[PDB]
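Asker: My questions all concern the structure below.
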Amino acid sequence: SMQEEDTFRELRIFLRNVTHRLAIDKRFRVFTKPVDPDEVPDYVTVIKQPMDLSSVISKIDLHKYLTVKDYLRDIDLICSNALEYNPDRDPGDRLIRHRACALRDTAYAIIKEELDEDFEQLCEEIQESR
Ligand SMILES: Cc1cc2c(cc1N)n(C)c(=O)n2C
Ligand SMILES: [Cl-]
Ligand SMILES: [Cl-]
Ligand SMILES: [Cl-]
Ligand SMILES: [Cl-]
């Protein structure tokens with residue numbers, strides 16, 4: 001229905017706003033673009049589902065997220081990919097894991113404060129009726 005399309009459009013607007021606030025945070029610069037296969041050639045072989053914030057924006061626009069849960073799955077993937085690919089005790093690895101966890105925590109905290117639970121519930125029920 002048109003009421004339902006308005007609901008998903010409002011969701012996309014909200015998700016673009018959250019994603020932009022993540023993307024402009026200096027700590028998360030490393031997560032803003034896909035990992036370049038020329039800087040890191042074995043990445044695409046080790047990490048099976050690469051994800052980054054520019055891809056998240058593309059997916060919003062492709063209407064791939066019908067709920068905030070779908071969205072957080074990809075935020076979580078950004079974080080878990082970083083933990084998996086950089087597991088070592090060295091400070092370069094520890095810095096990116098700390099940033100990855102911060103990205104994840106920050107996104108969840110924005111959503112906890114700013115997403116109305118009834119709005120999410122409506123998105124889920126429309127999505128389940130399809
Ligand atoms: C150069 C670079 C390396 C990365 C990276 C981003 C960049 N830009 N990420 C997200 C990652 O896990 N690694 C090892
Ligand atoms: Cl840096
Ligand atoms: Cl997909
Ligand atoms: Cl640790
Ligand atoms: Cl909202």
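Ordered as shown in the structure tokens, chains take letters A, B, and onward, while each chain numbers its residues from 1 and ligands are numbered from 1 in the order shown.
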Which polymer residues have any atom within 6 Å of an atom of segment 23-39 of chain A, counting only C-alpha atoms, with same-chain residues fewer than 5 positions away left out, as number ranges by chain?
Answerer: A: 52-54
Asker: Could you save the residues just selected, with C-alpha atoms, as a JSON list (two decimals), in the first residue's frame?
Answerer:
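Dumped to result35.json:
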[["chain", "number", "residue", "atom", "x", "y", "z"],
["A", 52, "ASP", "CA", 31.45, -1.18, 4.60],
["A", 53, "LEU", "CA", 29.45, 2.00, 5.09],
["A", 54, "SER", "CA", 29.42, 3.05, 1.43]]
Asker: Any residue with an atom at most 7 Å from ligand 5 counts, using only C-alpha atoms and all ligand atoms. Which are they? Put them as a PyMOL selection string.
Answerer: chain A and resi 11+14+114-116+119
Asker: Using only C-alpha atoms and all ligand atoms, which of A:101, A:40, A:55, A:117 sits nearest ligand 1?
Answerer: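 Result for the nearest residue to ligand 1: A:40.
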Asker: Applying 12 Å and only C-alpha atoms, which residues near residue 130 of chain A remain after dropping the ones on its own chain fewer than 6 positions away? List them as a list in words.
Answerer: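 Within the cut-off, the hits are residues 1, 4, 66, 123 and 124 of chain A.
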Asker: Residues as selected, N, CA, C and O atoms, written as a tab-separated table (two decimals), in the first residue's frame, can you do that?
Answerer:
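The resulting file, result_23.tsv, is shown below:
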chain	number	residue	atom	x	y	z
A	1	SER	N	0.82	-1.20	0.00
A	1	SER	CA	0.00	0.00	0.00
A	1	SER	C	0.87	1.27	0.00
A	1	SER	O	2.09	1.20	0.23
A	4	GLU	N	2.27	1.83	3.35
A	4	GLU	CA	3.42	0.97	3.66
A	4	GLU	C	4.68	1.49	2.97
A	4	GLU	O	5.78	1.46	3.52
A	66	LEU	N	14.38	-3.56	5.04
A	66	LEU	CA	12.97	-3.27	5.33
A	66	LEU	C	12.74	-3.12	6.81
A	66	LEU	O	11.64	-2.81	7.23
A	123	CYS	N	7.44	-1.85	10.80
A	123	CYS	CA	8.29	-2.32	9.68
A	123	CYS	C	8.35	-3.84	9.64
A	123	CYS	O	8.24	-4.43	8.57
A	124	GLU	N	8.52	-4.46	10.80
A	124	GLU	CA	8.60	-5.92	10.86
A	124	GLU	C	7.30	-6.57	10.43
A	124	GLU	O	7.29	-7.58	9.72
Asker: Neighbours of ligand 3 at 10 Å or closer, counting only C-alpha atoms and all ligand atoms: which residues, as a ChimeraX atom specification?
Answerer: /A:59,62,64-65
Asker: Would you output that residue set with N, CA, C and O atoms, as a tab-separated table (two decimals), in the first residue's frame?
Answerer:
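Result file result22.tsv:
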chain	number	residue	atom	x	y	z
A	59	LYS	N	22.94	-0.10	-0.35
A	59	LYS	CA	21.84	-1.04	-0.06
A	59	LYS	C	20.57	-0.35	0.47
A	59	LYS	O	19.45	-0.78	0.15
A	62	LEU	N	18.92	0.78	-2.58
A	62	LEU	CA	18.35	-0.36	-3.34
A	62	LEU	C	17.19	-1.00	-2.62
A	62	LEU	O	16.67	-2.03	-3.07
A	64	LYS	N	17.07	-2.54	0.26
A	64	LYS	CA	17.44	-3.87	0.75
A	64	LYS	C	17.12	-4.01	2.23
A	64	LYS	O	17.10	-5.11	2.72
A	65	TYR	N	16.93	-2.89	2.94
A	65	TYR	CA	16.62	-2.94	4.36
A	65	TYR	C	15.16	-2.59	4.59
A	65	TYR	O	14.76	-1.43	4.37
Asker: Would you return as a ChimeraX atom specification the members of chain A that DSSP assigns to alpha helix (DSSP H) on this structure's backbone?
Answerer: /A:2-23,43-46,53-61,68-85,91-114,117-128
Asker: Taking only C-alpha atoms and all ligand atoms into account, which residues have an atom no farther than 10 Å from ligand 4? I'd like them as a list in words.
Answerer: residues 83, 87, 88, 89, 93, 94, 97 and 98 of chain A
Asker: Just to confirm, what's the straight-line distance from atom CA of residue 63 of chain A to atom CA of residue 104 of chain A in Å (one decimal)?
Answerer: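 Computing the Euclidean distance for atom CA of residue 63 of chain A and atom CA of residue 104 of chain A yields 21.6 Å.
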Asker: Counting only C-alpha atoms, which of A:61, A:84, A:118, A:70 gets nearest to residue 49 of chain A?
Answerer: A:84
Asker: Between atom CA of residue 13 of chain A and atom CA of residue 120 of chain A, what distance in Å does the model show, to one decimal?
Answerer: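 So the two atoms, atom CA of residue 13 of chain A and atom CA of residue 120 of chain A, lie 13.6 Å apart.
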Asker: Nearest residue to residue 125 of chain A out of A:95, A:102, A:51, A:7, using only C-alpha atoms?
Answerer: A:7
Asker: Taking only C-alpha atoms and all ligand atoms into account, which of A:107, A:22, A:2, A:78 comes nearest ligand 1?
Answerer: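 Of A:107, A:22, A:2, A:78, the one nearest ligand 1 is A:78, counting only C-alpha atoms and all ligand atoms.
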Asker: Report, in Å with one decimal, the straight-line distance from atom CA of residue 16 of chain A to atom CA of residue 110 of chain A.
Answerer: 12.6 Å
Asker: Using only C-alpha atoms and all ligand atoms, which of the listed residues (A:81, A:129, A:3, A:121) sits closest to ligand 1?
Answerer: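 That would be A:81, the residue with the smallest distance to ligand 1.
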